[PDB]
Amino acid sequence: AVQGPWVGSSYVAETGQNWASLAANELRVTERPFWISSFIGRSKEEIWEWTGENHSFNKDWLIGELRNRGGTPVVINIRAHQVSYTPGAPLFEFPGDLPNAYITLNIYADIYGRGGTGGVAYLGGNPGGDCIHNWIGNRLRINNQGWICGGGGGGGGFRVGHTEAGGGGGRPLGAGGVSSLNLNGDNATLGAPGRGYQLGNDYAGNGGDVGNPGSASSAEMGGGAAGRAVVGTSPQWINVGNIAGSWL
């Protein structure tokens, strides 16, 4: 941020501009004329570079780091694939009380809610996870040059009589259902859902592809519901791009 009393070199360092009028624009100061004291405490938007592929992404880590920047707006350039660590929590969540003036996602990779876990025995599959929960409306802006995907639902479980088997995990990386008999569904991969346990005409459901529900079992246990791409309030769409699952 710009700090006094050496406001001049401080704004040059913060903004990259020597001319005050152009430094003002970098600090989003729109008043004209302006008092240079109004620079103090303001920051140029921050730009984050993520090139670490992360299949265990925790939305609370991101919330903490955004809050650490206070009112400063944050641009995130996502250049490696990202998957939530669990289908019970979205990959990214933007709570209504975030302080940042705005957040921009520049998506250059595939980002995903986690696939849902396959069901076991008479239980349906579990729902796919959501990708983005947005509670700051148009203060979130999305430039999707990659994929935004809700996770696939898990397959429905299988049971007839005493035989119990598990459904496949939803894409990506959803867990296969683990039955009491170790008649288990397959875990999904990043790129494809997991197969349910199968025996001839008998089977537990397969996991769903991104943005889709899990398959029903041969015993009619239903698949988990599809995960959703963007949930909650509408962001500003710089580019909608490729989306699997519902959005707004």
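A residue's number is simply how far along the shown sequence it sits, counting from 1.
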Item to check | Between the two ranges 210 to 218 and 59 to 67, the one averaging a larger CA B factor in the entry | outcome: 210 to 218
Checklist outcome for this item: Taking the deposited Cα B-factors and averaging over 162 to 170 and over 148 to 156, the higher mean is found in 162 to 170
Checklist entry - If you check the C-alpha B-factor for each of 47, 36, 192, 27 in the entry, which is highest? => result 192
Checklist outcome for this item: Based on the PDB entry, the highest CA temperature factor among the options 22, 13, 238, 230 is that of 13
Checklist outcome for this item: Of the three thirds of Cα B-factor ranks in this chain, residue 140 occupies the middle
Checklist entry - Which third, lowest, middle or highest, does the CA B-factor of residue 95 fall in along this chain? => result highest
Checklist entry - Among the chain's modelled residues, which third holds the C-alpha B-factor of residue 176? => result highest
Item to check | Relative C-alpha B-factor of residue 108, binned into the chain's lowest, middle or highest third | outcome: middle
Next on the checklist: What third of the chain does residue 118 rank in for C-alpha temperature factor, lowest, middle or highest?
Outcome noted: middle
